[PDB]
4 protein chains.
Amino acid sequence: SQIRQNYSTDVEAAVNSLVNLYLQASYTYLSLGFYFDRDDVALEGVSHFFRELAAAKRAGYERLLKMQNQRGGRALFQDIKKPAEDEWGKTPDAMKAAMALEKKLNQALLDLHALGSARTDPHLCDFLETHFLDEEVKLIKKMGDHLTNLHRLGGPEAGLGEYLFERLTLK
Amino acid sequence: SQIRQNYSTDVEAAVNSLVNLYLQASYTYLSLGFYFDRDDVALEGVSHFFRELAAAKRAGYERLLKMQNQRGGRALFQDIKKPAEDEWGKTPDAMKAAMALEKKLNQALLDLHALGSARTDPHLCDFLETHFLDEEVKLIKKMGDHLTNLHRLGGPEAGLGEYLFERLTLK
Amino acid sequence: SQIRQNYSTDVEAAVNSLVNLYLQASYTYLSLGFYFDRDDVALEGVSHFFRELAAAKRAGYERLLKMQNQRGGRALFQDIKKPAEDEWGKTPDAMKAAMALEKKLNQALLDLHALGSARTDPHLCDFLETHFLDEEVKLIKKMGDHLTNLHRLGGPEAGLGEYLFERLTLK
Amino acid sequence: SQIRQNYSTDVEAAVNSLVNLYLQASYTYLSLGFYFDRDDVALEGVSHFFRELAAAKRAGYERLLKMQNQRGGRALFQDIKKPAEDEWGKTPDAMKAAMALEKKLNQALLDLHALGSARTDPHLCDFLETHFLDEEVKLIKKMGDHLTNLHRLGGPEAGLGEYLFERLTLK
Ligand SMILES: [Fe+3]
Ligand SMILES: [Fe+3]
Ligand SMILES: [Fe+3]
Ligand SMILES: [Fe+3]
Ligand SMILES: [Fe+3]
Ligand SMILES: [Fe+3]
Ligand SMILES: [Fe+3]
Ligand SMILES: [Fe+3]
Ligand SMILES: [Fe+3]
Ligand SMILES: [Fe+3]
Ligand SMILES: [Fe+3]
Ligand SMILES: [Fe+3]
Ligand SMILES: [Fe+3]
Ligand SMILES: [Fe+3]
Ligand SMILES: [Fe+3]
Ligand SMILES: [Fe+3]
Ligand SMILES: [Fe+3]
Ligand SMILES: [Fe+3]
Ligand SMILES: [Fe+3]
Ligand SMILES: [Fe+3]
Ligand SMILES: [Fe+3]
Ligand SMILES: [Fe+3]
Ligand SMILES: [Fe+3]
Ligand SMILES: [O]
Ligand SMILES: [O]
Ligand SMILES: [O]
Ligand SMILES: [O]
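Parameters at a glance
Residues numbered from 1 in each chain as written, not as in the entry; some residues may be left out. Chains lettered and ligands numbered in written order. Part of a larger assembly, values for the part shown. Heavy atoms only, no water. Residues with missing side-chain atoms left out of burial classes, pairs and counts. Contact = heavy atoms within 4.5 Å. Helix = DSSP H or I, 4+ residues; strand = E, 2+ residues; numbered from the N terminus. Nonpolar A, V, L, I, M, F, W, Y, C, P; charged D, E, K, R; others polar. Core = buried A, V, L, I, M, F, W, Y, C linked by side-chain atoms within 4.5 Å. Buried < 20%, exposed > 50% of the residue type's maximum accessible area, 1.4 Å probe, protein only. Least-squares fit on C-alpha atoms. Donors = N, O, S within 2.8 Å, 3.2 Å for Na, K, Ca; no water. Expected span 1.5 Å × (residues − 1).

Looking at the method and resolution fields of the entry, one finds X-ray crystallography and 2.200 Å.

J.: Honestly, the interface of chain C and chain A in this entry has me stumped. Any pointers?
T.: Quite often, the size of an interface is put as the accessible area lost when its parts meet. With 31 residues of chain C in contact, the opposing surface of chain A contributes 31 residues. Of all the secondary-structure elements, those providing two or more residues to the side of chain C that touches chain A are α1 (9-37) and α2 (44-71) of chain C. Among the residues making up the side of chain C that touches chain A, the classes are represented as 11 nonpolar, 7 polar and 13 charged.

J.: Please explain the nonpolar core as it appears in this structure.
T.: In globular proteins that are soluble, nonpolar side chains generally tend to be buried together. Judged by nonpolar contacts, the single largest core of 104 residues is most densely connected at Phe36(A), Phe50(A), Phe36(C) and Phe50(C). Secondary-structure elements contributing two or more residues to this core are α1 (9-37), α2 (44-71), α3 (91-118) and α4 (122-152) of chain A together with α1, α2, α3 (91-118) and α4 (122-152) of chain C. Setting aside its immediate chain neighbours within four residues, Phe36(C) contacts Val41(C), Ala42(C), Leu43(C), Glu44(C), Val46(C), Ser47(C), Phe50(C), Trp88(C), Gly89(C), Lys90(C), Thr91(C) and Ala94(C). Judged by nonpolar contacts, the second largest core, of 52 residues, contains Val41(B), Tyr61(B), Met95(B) and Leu150(B).

J.: Help me out: how do you make sense of the relation of the copies chain C and chain A in this one?
T.: Expressed as a screw operation, the relation of chain C to chain A combines 0.0 Å of axial shift with a rotation of 180°, fitting to an RMSD of 0.0 Å. Taken together, the rotation and translation relating the two chain copies correspond to the operation of a two-fold axis. Relative to the rotation axis, the C-alpha of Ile80(C) is the closest in chain C, positioned 2.4 Å from it. Of the interface residues in chain C, 100% have counterparts in chain A that sit at the interface too, so the contact is made through matching surfaces.

J.: Sorry, what's going on with the coordination of the iron ion (ligand 12) here?
T.: Reference values for angles at a metal are 109.5 degrees in the four-donor tetrahedral case and 90 or 180 degrees in the six-donor octahedral case. Residues and elements named next belong to chain B. At 2.5 to 2.6 Å from the iron ion (ligand 12) lie its protein donor atoms, namely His-48 (NE2) and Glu-52 (OE). Separating the iron ion (ligand 12) from the iron ion (ligand 6) is a gap of 4.0 Å, which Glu-52 spans by donating to each of them. With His-48 and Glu-52 both in helix α2 (residues 44-71), this residue pair falls 4 residues apart, about one helical turn. In this structure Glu-52 comes out as partly exposed when scored by relative accessible area, which is 48%.

J.: What is the right way to read helix α2 (residues 44-71) of chain D from this model?
T.: Because an α-helix completes one turn every 3.6 residues, residues spaced three or four positions apart along the sequence face the same direction. Taking 1.5 Å per residue as the helical rise, α2(D) with its 28 residues ought to reach 40 Å, and the 41 Å between its terminal C-alpha atoms agrees with that figure. Two residues or fewer after α2(D) comes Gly72(D), characterised by a positive phi angle close to 95°.

J.: For this particular structure, what's the right way to read the interface of chain D and chain A?
T.: With 16 residues of chain D in contact, the opposing surface of chain A contributes 12 residues. Taken together, the elements giving at least two residues each to the side of chain D that touches chain A come down to α3 (91-118) and α4 (122-152) of chain D. Here the side of chain D that touches chain A takes 10 residues from α4(D), the largest share from any one element. Of the residues assigned to the side of chain D that touches chain A, the class counts are 6 nonpolar, 5 polar and 5 charged.

J.: Quick question: what am I supposed to make of the relation of the copies chain D and chain A here?
T.: Each copy of the chain is related to the other by a rotation around an axis and a translation along that axis. Rotating chain D by 120° and moving it 0.0 Å along the rotation axis overlays it on chain A with an RMSD of 0.0 Å. Taken together, these values place the two copies in the relation of a three-fold axis. Considering only C-alpha atoms, the part of chain D nearest the rotation axis is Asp126(D), at 4.9 Å. Looking at chain D, a mere 6% of its interface residues are interface residues in chain A too, so the copies touch through different faces.

J.: Is there a simple way to explain unusual backbone geometry in this structure?
T.: What is expected of a backbone is that most residues other than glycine have negative phi and most peptide bonds are trans. Residue and element names in this part refer to chain B. Notably, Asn-6 is not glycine yet its phi reads approximately 75°, a positive angle. Structurally, the position occupied by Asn-6 is in the segment before α1 (9-37). Taking the relative accessible area as the measure of exposure, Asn-6 reaches 44% and is therefore partly exposed.

Spelled out as structure tokens, the structure:
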């Protein structure tokens, strides 16, 4: 590559790997999105929440692909694994799955930062610092807040809580 | 008729028949509308919902009458049967009646499409495809969503649920 | 399902199947998009062309998923197969791959129309007629036009042709 | 210095050194700029391209000088070495020289980041991360793209290619 400079084969491959992780996460959010739109689930605000995350994850992998090209890396794509579940339960269940997915993505981001730090690749580090790490932190905080409000609305009268949360918190 | 072309006597009569079905459905929604406006029912958003459907069904039969005239058919009107009930219960009860009415109208629409398909009348088919079939599908989906939200708000604390639904879902 | 009416299990499954085909096609266009953005390919207009198709295919599968929910179907997702190639050659090569992909999607659409026609499901038929069939036809015509212009610009001085086409035809 | 804090003598001197490298690079781009404006070269778009880089490099050294003052460093200036060539050849030749210059500047930037990292000077690191590293990466990618398009337009009919590139790619 005529442009490649300070860009290790390890980062390149880990970038390709993080791309597939974002594709898979996007896919997961697509599935949660349509799930909450089913006539027998029917929580429009929950559906919108997960649809937006699909979109947000797609921006993530598009930005990783662009950075790959900018550094002189070559994108390689693998199969995208189907989401882990077909039916996602109630809002708390789905929100817990989403939290778990975001934590996995955040760990992959931190591992990639550690890697690029180890290959003294400050561009790669900064790129993640600027476009990824704070967004995960904000999003995780938000999902925690949601879980706290669902838990407070939970238990005995869970059905009413789920309705109120979708109406009064989600948009 | 100087304009009539490819327009079978069967379609013509089935169109007249579907007209009476829309008139009757409009009538049913009129009754549900005023029902939820009674001082002892007093669910303004439910009332508005059913009033709008009366209006929507009237547009339906007006469009069938116009198409009848355009194809060279002759409108014939029968008595409009009074609605099946005088008192409509709670929101879930009424919403179930509405669902059942929409399913009946949808089946009549599908039967008329089958008929016009059998008389190779593609205008009649397309007319239904364009002005009726998707609207039934959207409306049925919406009524399902509503039923799911009422069910979730149901049971022990049904009175509160009925209030919240009318306030936070219906407009 | 409380809303499902005239919606066969076969259509439902074929809809799920067409969804995976759109996901895979979207994926293919993603790959072609970044391919033409590589510093050693560097055909920005070709890149934009394929990026737009990724987006267009995503709208396709989102509309199929929405229709699935509207009819009372249940979405089921499988693994998304990686694109058939890692390197896509020159503009004519990639444009031929795209043509071949669009023809496959069009055949799947026509097969699904045949199926829904056979289950007398006029909603499903019309939905495809309105949101899919004409768009494939226009797009295929466009890809043919492109292939004709690349062929005319081809052979001995292929490198110059590829440059001019990207600059003067693609946007 | 009454303001100096965490600012090593090594960084200070390496900053002065990077300044002279930017001055020299600016000078190189000045020379390429006027070169392509000669009546016997006459490639206005190539001239503009290199003139802009002169300007961009000047912003670079001005920002390094400002940072020097902000940290309590003292600017020291040396002679600015004349550009390596008097005549710059064809667009591909000049674009290769520019690529080689940008790679040298990028390596100097990376070496200075390594240095400030080694003196645990996170301000210096971030400053480079924010104002320099991504700009080099974007610019190098752009110069690669250009080289790919010139190469595609190259060889037998190089004169025509050079004309088209200047007219249809450069602004
Ligand atoms: Fe939102
Ligand atoms: Fe399951
Ligand atoms: Fe708020
Ligand atoms: Fe929002
Ligand atoms: Fe929004
Ligand atoms: Fe309304
Ligand atoms: Fe009664
Ligand atoms: Fe149509
Ligand atoms: Fe048709
Ligand atoms: Fe709403
Ligand atoms: Fe309204
Ligand atoms: Fe209204
Ligand atoms: Fe376009
Ligand atoms: Fe390959
Ligand atoms: Fe049609
Ligand atoms: Fe044109
Ligand atoms: Fe466009
Ligand atoms: Fe565009
Ligand atoms: Fe410029
Ligand atoms: Fe010379
Ligand atoms: Fe451009
Ligand atoms: Fe400009
Ligand atoms: Fe300019
Ligand atoms: O939103
Ligand atoms: O409404
Ligand atoms: O475009
Ligand atoms: O420019």
